[PDB]
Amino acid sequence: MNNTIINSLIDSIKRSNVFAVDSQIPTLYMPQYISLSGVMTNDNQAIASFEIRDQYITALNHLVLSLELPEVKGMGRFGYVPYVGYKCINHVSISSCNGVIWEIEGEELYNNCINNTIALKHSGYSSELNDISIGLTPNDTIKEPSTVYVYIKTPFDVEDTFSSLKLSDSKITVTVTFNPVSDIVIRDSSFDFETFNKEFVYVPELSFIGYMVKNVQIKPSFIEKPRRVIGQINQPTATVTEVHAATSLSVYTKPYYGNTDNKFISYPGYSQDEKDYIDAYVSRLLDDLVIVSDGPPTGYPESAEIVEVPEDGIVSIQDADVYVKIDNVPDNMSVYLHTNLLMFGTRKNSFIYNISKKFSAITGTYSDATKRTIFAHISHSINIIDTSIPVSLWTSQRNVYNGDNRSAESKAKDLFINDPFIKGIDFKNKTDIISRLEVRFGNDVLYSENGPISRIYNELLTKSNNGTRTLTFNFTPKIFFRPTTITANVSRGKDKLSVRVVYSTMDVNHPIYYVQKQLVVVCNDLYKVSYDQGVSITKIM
């Protein structure tokens, strides 16, 4: 230590000790990780029930659901959706003999864990699970058996032991409803889904941190329970009734693919970036987009317009110019460009949405050894929306053209995607289709915004990179304080939350226009956690 600091200190005011503290004796307890097998029940929806009844387990928290993924054998393309564990959850319910204590919808549990990288990884996020593997023979192993762990985040984990679920000498039932296996699987037509669906069984195990407490001093607390309201298809409104004490309100959009066969051209697999989705789509198209053939290429529909690339290299599709230059092309062969690989239009001789027009430069070298074109660099304007268009909409009734002018080989490689937690109108939820949000508490306008400033606040306040337009009414510390809520006024009709959105106007000649939307409104109501005590007499009969 230098002299200047010594002189600065070398009087007597009431000071708080910042260099020592009294190590308070905590409640005498003992934790233990407890694992239990359930009871399976079977629209023949799979339901697992876990009963927790023990004199020693005083309190419990940190629920983790294990799932045994079986060995997948056979032919065809198969892969699991990212975070497979969360995606196979439809509903989680924690109940006692008095009724439901806390419950959540599958998507909401996922939304609550979206900022937890570790919980998402344990759930099932690997190249082993999420890459689309191919089976060549009926006995070939597509996927090896694996175990996934789903962190069932509850309000009891917030402040560890302080927030824990205290079993007041009663039975606790944890009920897990599962989504059909079709929701968690990405497969092609070649894959035998019918056999798989029948043969597949959900193999769960519930784990939790149990606490054996000596002379526990139980006190009443407060809990936030989530409620979900899904609006009418393509309707820009949704209402949450009986709102008396709400801590938060979330608003988001979901696509509805019930009007399609849920088939999509491409899928990136484990690689989940916006660029990864785009690159996978470009790769799938390139095979049919630029062809090196001896004369006019064969195997394409009559509707297809495959033009020979001039010496200039530029092929003009209306106003759009495509520069195609392939090296080491054999003298007997020529370079061809598919000028209408995928096209859409609602009126004859009108605006046409052509996927071939979304390319500006294609360069590569022809391989004599593999009889394939090895593409070097592609200049395109392909977006996340293009990769998110269901194949059905290209060949829909609304289209005046054939639509899908790809080869039968390409069409056979299309994958079924039935992920239950998709948001917006694209796989990455990039496109914001809400131009204005209006929240009304009864007749009075509670909140309005054009830009997603509520989403920006949600992302900041929750340290999340994928948030939703959320209104937070509670800025008080949880567990130690009674949560602040938006309070109702039944007499003035201020007992409901009415959400109204203004959807972005889309072009009728773009296939995304026909993707149906659903408004999702999530409300977190406040409940009081009480512990029933008293004497009851019963007539012996």
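Sequential numbering from 1, following the sequence displayed.
Judged by the one-third criterion across other entries of this protein, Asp22, modelled here, is also modelled in every one of those that cover both its neighbours. For the cut-off of one third of the other compared entries, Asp532 stays well clear, since all of them model it along with its flanks. Counting the unmodelled positions of the deposited sequence between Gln32 and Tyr33 gives zero. According to the entry, the stretch of the deposited sequence that connects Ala20 to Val21 contains no residue lacking coordinates, so the chain runs unbroken between them. Between the stretches 60-68 and 44-52, it is 44-52 that shows the larger average CA temperature factor. Between 79-87 and 352-360, the higher mean Cα B-factor belongs to 352-360. When the C-alpha B-factors of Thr239, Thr373, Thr177, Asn465 are ranked from the entry, the top spot goes to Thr373. Considering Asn328, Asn115, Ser435, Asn418 together, the PDB entry gives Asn328 the largest C-alpha B factor. In this PDB entry, the Cα temperature factor of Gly424 sits in the bottom third of its chain's modelled residues, the lowest group. Per-chain ranking of the deposited C-alpha B factor places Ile132 in the middle third. The deposited CA B-factor of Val522 belongs to the lowest third of values across its chain.
Ranked against the other modelled residues of its chain, the C-alpha B-factor of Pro226 as given in the entry falls in the middle third.
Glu308: CA B factor lies in the highest third for its chain, per the PDB record.
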